[PDB]
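# Notes for the structure review
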Amino acid sequence: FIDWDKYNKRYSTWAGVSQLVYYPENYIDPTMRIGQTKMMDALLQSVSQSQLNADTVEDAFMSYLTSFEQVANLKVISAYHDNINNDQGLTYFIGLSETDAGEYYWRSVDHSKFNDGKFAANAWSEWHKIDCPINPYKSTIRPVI
Amino acid sequence: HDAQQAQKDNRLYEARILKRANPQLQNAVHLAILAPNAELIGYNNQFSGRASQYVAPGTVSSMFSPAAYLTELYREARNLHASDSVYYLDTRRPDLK
Amino acid sequence: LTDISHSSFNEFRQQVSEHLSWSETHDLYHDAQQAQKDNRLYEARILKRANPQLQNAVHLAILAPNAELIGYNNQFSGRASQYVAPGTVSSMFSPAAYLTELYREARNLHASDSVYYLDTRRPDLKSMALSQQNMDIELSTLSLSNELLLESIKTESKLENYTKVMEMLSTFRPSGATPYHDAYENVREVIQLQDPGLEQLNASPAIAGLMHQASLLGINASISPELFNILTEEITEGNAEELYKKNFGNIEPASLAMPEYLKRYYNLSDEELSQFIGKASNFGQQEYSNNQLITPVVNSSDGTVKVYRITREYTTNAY
Amino acid sequence: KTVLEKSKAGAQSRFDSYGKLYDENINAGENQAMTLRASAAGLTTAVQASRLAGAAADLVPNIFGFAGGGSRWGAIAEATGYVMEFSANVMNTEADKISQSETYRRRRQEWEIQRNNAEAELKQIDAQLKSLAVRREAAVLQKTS
Amino acid sequence: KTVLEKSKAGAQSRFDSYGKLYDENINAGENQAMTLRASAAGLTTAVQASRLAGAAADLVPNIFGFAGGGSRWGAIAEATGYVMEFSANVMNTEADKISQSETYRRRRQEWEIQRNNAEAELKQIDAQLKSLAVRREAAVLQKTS
Amino acid sequence: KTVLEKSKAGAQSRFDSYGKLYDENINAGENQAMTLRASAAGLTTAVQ
Amino acid sequence: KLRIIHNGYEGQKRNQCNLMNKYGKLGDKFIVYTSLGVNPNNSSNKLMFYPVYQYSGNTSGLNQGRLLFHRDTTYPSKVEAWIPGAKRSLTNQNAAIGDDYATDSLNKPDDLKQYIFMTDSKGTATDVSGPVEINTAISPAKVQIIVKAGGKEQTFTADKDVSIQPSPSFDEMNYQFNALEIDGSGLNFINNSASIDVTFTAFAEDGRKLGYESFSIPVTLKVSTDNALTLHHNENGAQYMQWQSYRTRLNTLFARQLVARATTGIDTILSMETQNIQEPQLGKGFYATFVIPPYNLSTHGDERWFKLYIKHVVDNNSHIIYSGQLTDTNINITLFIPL
Amino acid sequence: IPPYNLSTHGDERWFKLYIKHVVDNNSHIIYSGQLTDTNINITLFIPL
Amino acid sequence: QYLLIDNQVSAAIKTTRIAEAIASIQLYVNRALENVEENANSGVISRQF
Amino acid sequence: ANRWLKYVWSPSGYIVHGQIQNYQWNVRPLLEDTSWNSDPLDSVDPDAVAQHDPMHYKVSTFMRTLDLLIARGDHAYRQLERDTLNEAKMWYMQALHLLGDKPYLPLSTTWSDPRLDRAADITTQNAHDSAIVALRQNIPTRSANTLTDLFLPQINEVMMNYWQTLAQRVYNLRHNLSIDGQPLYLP
Amino acid sequence: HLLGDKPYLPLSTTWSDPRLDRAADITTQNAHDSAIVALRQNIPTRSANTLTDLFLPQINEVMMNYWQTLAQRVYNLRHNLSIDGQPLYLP
């Protein structure tokens, strides 16, 4: 009855949700995704025109792969763990890009989703780009909640 | 919240057995979707060959049918009023049960 | 570097597996691939200079080197002097050239021992003439398919011609779509073409009074003369052993009585079979459908299957 | 009959004209215009590297001797602001690319409807020449009457 | 009857075509174009923070020693001017977003009218085939007369 | 008569549709777009 | 590190190797039936049983042999495997979903080397034939590395060159060899490069090979006799790269001299005289015209190829500067000869 | 991991792997899984 | 799927004889590259064609 | 579009330097079924369910391949000449042997037609939940009356429509019809 | 007159109508490849049965269409037709 007005009130919305555990592929869009990064959104825009040549598509892929390389080579500088003790809560990381006048990124991991000696893959957030003019000395930079 | 987690894990376990046993998938040999047979045996011993009995859409037997929706709806709504009350669903409509 | 290039590298690695190493196999292979490209460029260069479309346009100044053109035509019997128009079967760009390229590569996909071997499943392909008529004139796909089935049935049954094949299919009982009396279907359709609706035969009652009405059933409905002998014959419980073997041959009765065998044998739909047998599934239960039930009841002692047919009619309100 | 044959030739002209527009939907010119819009929106990673490199070079001092310094302290904040203002131009450029290709898609869908109108109309005039041929046969039988 | 059946099939083609355009009113492409316009106009708070941070950093002196100073005294006024000039670009970007979505709304309203024209026309041809069926029955009765 | 009544209903649909577009001539959206253009051009005294 | 896996090729051999992994240990003897066909009379499906007969004995200690099988059906049923040759039948009333077995009452596996008819009595019939007896044990003396590095090949074997033997498994057996010393003297360097071809292979006890896997270690040699590539900006404007005795022009001075041609229009830019604009020579040297005699079978042999070489510019070795074919006329060849 | 055996593993099929005497002498789980009818190969990095 | 020619086609469908042989082998290669009919030669599939 | 689907799944396999490869799926966590979402039912996300069970990414890629093959076949169909209708059928027949045969569903099931009181019974629901938590922990080795009245799984209707649309296309090719079912021959 | 005269193609060729087995023979293909590598290196100075069954070169169809379109245009000029072939005179 919490899910009444959205899902259970009508047979159509009920059958849509009940099937979604069994047949998600009826509802999966290769274009849209929840949790989709900004890299994939920029990729989708780069191929959102009518005339898609093989060379147009290849150049959109190498632009994607350039921005892929940038978040893949982030160097973790420092971190902060939000709870008073290490087992619960979130740890917030700070990453640095490989540029001079470097760029800073942050991401989090949830220690509650650590299970059987391993973080689950959904414990991690995306790297989020920090838009602030940051220029630390000897990487003396720390996050804090 | 442990019972809520166990209910999600029961749904994921039951769905995983029933989606591997879909006859639409077992005839397409290229998918290489290997149905684990140890769970499928123990499931059909408890539920009397339920995972071997698939129905077409529009069949009343389906878990996605309007009768399944009616069953889900009647089970939840019959407790909204007390049995003493005049607004009790089996009192106002004895034919539904 | 000969004959390597049209093999894959895996084929060439298997043949030179014992002799040479991988790297020695790798070096010979990419040299044979380069020699195959240089053979194509050399052959094309001779044939494009010798194009008669170019030699009459004098302004292009495309000088054909005659020393290669002589040696090419001595090897290939004046090939470079014989140009064809588009649409000619002789062309290297024709569908027959595509068919030749396709058949040469695809005939080796399965081993010659296999049942999927291309010359085993289609013996007519290797013998077919690459002529202009086989490329141009159109015929029915169905007639070419019936011709292919008749060749295999003639070869299997060891019969003289196609009309003896139609003789045995007029008599053949153990299939689902047979007895097929071919001359009968020719008769019963011409009557349906010449007399649509059978009105002339019913406006002349003396002529229709000659033929019995069981044979007038054979005009509108497809009742071949052997199918008449199937429907009319009497089934006792004495002759039912022998008369089963005449109608079904070597099919086991337990193998035939199951619903999925009947669905393929008589080519029935899933709905059409339930009109006869009913809703019968591969579990313990079995139900009425169309107010009838058909259940095989196995005698536990003898092992004899005994088939019951129970028919229900409600003499009162079925609701 | 002459009246309908002019109607037949008029509908045949439209059917050929809109069929030609539909089949050749995007010109060589209209394809070059989308390519320029795509190239103008691909500069955002080269502008960003150029603008971050200038921020890193303006943070070192350029006055030496008995007076020192000259570092532009707001160089990273100025560079971040230029990249954001340029990213707004790229998003308008990218949206104008997508809007232009969608305009050409809807234009083609108009041409498809206009072709199917002319195709249905010359099927109608063909059936109307059949009807006139039967009227003429009745007028010949009325003459021999 | 053959003439009206070609008219019936022509009106049915338009009714299906404009009904398809109406139901699927905004493409995946046209949706991406509005999203880019919305993203380009969401930068105004990040540009402002970047430009105020640069003004605060250019007010401190950067020349030291026997000569001092180097504060850009007009740094706040320059930063305020850049934010206002950028706000004018955002208001044009935001207005182009709204004007584009209103263009697609009016386009859909045209398609609704064009669908209702074809729907009323194939109701008209259906009634005109009823009228022809009665004319044919009168011509059969004139034959048996 | 049935033929003309379908023609009557088709012309009545257009008369209602274009009459609705005419009476409600400028949307709430189209009014917001003009307001933004007017606000973008009012900055010239503050920039100066 | 050599790895042996026992999974079949996908299809019938994958199902027949899953039975061997489930119901058997490595070192058991089996009968794998390679020919599995749908019986056209007794079947309504295109499905098959996938049988393997497991011998009693060797590693999985069984008192009696058993016919392992796999079925694709899901309904409960019996599985009768009737041997027409021995006129007996192995059966399993209420076989499990997926895979199960039918034990052999009389342990006589010679009766299983012929045609077997496996039936479901419910539409699945299989003509089981082509029996292959296999022995799944693996001697370490037949797990071997073959290294072809040049002249003579070297064979290293797991019995002598592996410290810890892997446990027997159908899943994965990893043979980590020690440091194997390969003599590389004898590698033939073609274009300064050779290859050490390493082949992993293995054999079972019955002699069937378990497969192979081939690797190649590329070895490239650094020559010390050559000079480095060098760049030259000559005084006449030419820029060139000096490779061993060759000089490859890097720039052009065409646009320097195009300005005079371009002062009077596109007609003069796109003319033939503009395309005869000359480019300076590459350093010290000279041009020489070599007139080649026509082809003569008496003095040139049967082949028409000719080559021109240069010597005693930078090193006393020879380098090709022209290659061509002989013709019936003279050939004029103008070459720049570096000095 | 050996295959499941009711004699030596009990009625439950779960198994767990623990590590000890890396940073502290307490135990920490590094793997958790179910026993199967075949062997299970588990490759783990063991910190030191 | 076996005889590479369709027997359920109605009699109004025309082909030429070379075009039918092309469609037969094009059907056969698409069965064989997909491993729908088992035990195709791995060496022939690896060819450039 | 075909070569980009083959970057995930080539149904014909992969050839790397003249040898066909062993794998079929070009993405490694689809071969090794690698779950990367431990909590798929926190929210109603179809992608989150497929990250938990990546077989749905297989069925997604499989359906895009069928969508490609039907689209190539429909595009060849509408070019209504003779040789392109043979091309239309080979794209349709190629989609059919990827599907395999249409699955047969037995009509007699354990479904009786229960009362709504019996099907919505709270004891039937609690027995169904206690049975699954028993199977999920492998602890055990009234029952047959309660769990009979459960609803049955159904096949995917979207996956079913591929067989229905391909059977109709081939039907229109085998007769002389167009892709809409209109006769090409004139009466 | 830039094209010149349309080239004459002799209709009787060396093309018999071979079997598909004979035209797609692997010995015919290997002899064709060994003959070209012989000509490409000028080394030499069964044969006539194998290399007869090769397919023949064809002329460029696009180049052929220029003669066909020019012959039709001049035909429409020499008669009183338009560029589509419609009569300019009224009947």
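Residues numbered from 1 in each chain as written, not as in the entry; some residues may be left out. Chains lettered and ligands numbered in written order. Part of a larger assembly, values for the part shown. Heavy atoms only, no water.

- This deposited entry lists cryo-EM as its structure determination method and 2.75 Å as its resolution.

- Taking the PDB entry as the reference, chain F is identified by name as TcdA1 belonging to Photorhabdus luminescens.
- The deposited PDB record carries the title "Cryo-EM structure of Photorhabdus luminescens TcdA1".

- Chain B carries the name TcdA1 in the PDB entry, which gives Photorhabdus luminescens as its organism.

### Remarks on empty space enclosed by the protein
- The computed volume of the largest cavity comes to approximately 70 Å³.
- Residue lining of the largest cavity: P259, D270, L273, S274, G278, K279, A280 and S281 of chain C together with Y104 and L107 of chain J, and that is the complete set.
- The element that contributes the greatest number of residues to the lining of the largest cavity is helix 18 (residues 270-276) of chain C, accounting for three residues.
- Taken together, the residues that form the lining of the largest cavity break down as five nonpolar, three polar and two charged. (1 Å grid on protein atoms, 1.4 Å probe; cavity = no way out; pocket = protein on both sides within 12 Å on 5 of 7 lines; lining within 4 Å. Points joined across faces, edges and corners; volume = space filled by probe spheres on them. Helix = DSSP H or I, 4+ residues; strand = E, 2+ residues; numbered from the N terminus. Nonpolar A, V, L, I, M, F, W, Y, C, P; charged D, E, K, R; others polar.)

### Considerations on unusual backbone geometry
- Put simply, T178 of chain C and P179 of chain C share a cis peptide bond, and its omega is 5 degrees.
- A positive phi angle, close to 70 degrees, is found at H21 of chain H, a residue other than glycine.
- Within the secondary structure, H21 of chain H sits in the loop between strand 1 (14-20) and strand 2 (27-34).
- For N35 of chain I, which is not a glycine, the phi torsion comes out positive at approximately 55 degrees.

### Examining the packing of helix 1 (residues 2-20) of chain B against helix 7 (residues 122-135) of chain J
- At a minimum axis distance of 10 Å, the contact between helix 1 of chain B and helix 7 of chain J shows a crossing angle of 75 degrees. Relative to helix 7 of chain J, the element helix 1 of chain B is oriented roughly perpendicular. Contacts from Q7, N10, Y13 and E14 of chain B of helix 1 of chain B reach helix 7 of chain J at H128, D129, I132, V133 and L135 of chain J.
- When its residues are assigned to classes, the contact of helix 1 of chain B with helix 7 of chain J shows four nonpolar, three polar and two charged. (Axes fitted to C-alpha atoms, helices over the stretch in contact; angles between N-to-C directions. Parallel < 35°, antiparallel > 145°, perpendicular 65-115°, else oblique. Contact = heavy atoms within 4.5 Å.)

### Side note on the interface of chain B and chain J
- Each side of the interface is counted separately: chain B has 51 residues, and chain J has 52 residues.
- Both sides of the chain B and chain J interface together cover about 4,900 Å² of buried area, and 61% of this is carbon and sulfur.
- The interface formed by chain B and chain J contains three salt bridges.
- A salt bridge links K8 of chain B to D42 of chain J; the nearest nitrogen and oxygen atoms lie 3.1 Å apart.
- Linking chain B to chain J there are 23 residue pairs in polar contact.
- Those elements that place two or more of their residues in the side of chain B that touches chain J are helix 1, helix 2 (23-26), helix 3 (37-47) and helix 4 (66-77) of chain B.
- When residues of the side of chain B that touches chain J are assigned to their parent elements, the largest contribution, 14 residues, is made by helix 1 of chain B.
- Of the residues assigned to the side of chain B that touches chain J, the class counts are 24 nonpolar, 16 polar and eleven charged. (Buried area = accessible area lost by both parts, 1.4 Å probe. Salt bridge = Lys/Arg side-chain N within 4 Å of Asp/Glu carboxyl O. Polar contact = N/O pair within 3.5 Å; in protein donor to acceptor, adjacent residues only side chain to side chain.)

### Some thoughts on the side chain of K58 of chain J
Residues and elements named next belong to chain J.
- Position of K58 relative to the elements: it lies in helix 4 (residues 55-78).
- For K58, which is buried and forms no salt bridge, the nearest opposite charge comes from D33, at a distance of 4.3 Å.
- Within the structure, the side chain of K58 is placed 3.4 Å from the backbone oxygen of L30, a separation counted as a polar contact. (Buried < 20%, exposed > 50% of the residue type's maximum accessible area, 1.4 Å probe, protein only. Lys, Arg positive; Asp, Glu negative; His and termini not counted.)

### As for the sheet that holds strand 9 (residues 125-135) of chain G
All names here are of chain G.
- A sheet is described by the order of its strands in space; here eight strands give the open sequence 6-5-8-9-2-3-4-7, paired in antiparallel fashion. Each edge of the open sheet is held by one strand with a lone partner, namely strand 6 (88-95) and strand 7 (99-103). Taken pair by pair, the neighbouring strands of this sheet meet at an average axis angle of 25 degrees, ignoring direction.
- As paired elements, strand 5 (residues 77-83) and strand 8 (residues 116-119) share three bridges and run antiparallel to each other. Bridging from a neighbouring strand, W82 pairs with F117 of strand 8.
- Strand contacts of helix 1 (residues 12-23): strand 2 (29-38), strand 3 (52-54), strand 4 (66-70), strand 7 and strand 9, with the helix running at about 150 degrees to strand 2, the strand carrying the most contacts. (Pairing = 2+ DSSP bridges.)

### Describing a nonpolar patch on the surface
- Taken together, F61, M62, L65 and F68 of chain A together with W4 and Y7 of chain J make up a surface patch of nonpolar side chains, about 550 Å² in accessible area.
- Here the element with the most residues in the nonpolar patch is helix 4 (residues 54-72) of chain A; it accounts for four residues.
- Within the secondary structure, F61 of chain A is located in helix 4. (Patch = residues over 30% accessible without salt bridge, like charges linked within 9 Å, V, L, I, M, F, W, Y side chains within 5 Å. Areas by Shrake-Rupley, 256 points an atom, 1.4 Å probe, with all protein chains shown as cover.)

### What to know about the interface of chain J and chain C
- In this complex, chain J contributes twelve residues to the contact, which on the side of chain C involves 15 residues.
- It is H17, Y104 and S108 of chain J in chain J that bury the most area against chain C; as a group they hold 50% of the surface buried on that side.
- Counting every contact that joins chain J to chain C gives one salt bridge.
- For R82 of chain J, the salt bridge is made with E138 of chain C, and the minimal N-O distance between the two is 2.8 Å.
- Inspection of the chain J/chain C interface yields seven residue pairs in polar contact.
- Residues that form the side of chain J that touches chain C fall into these classes: five nonpolar, six polar and one charged.

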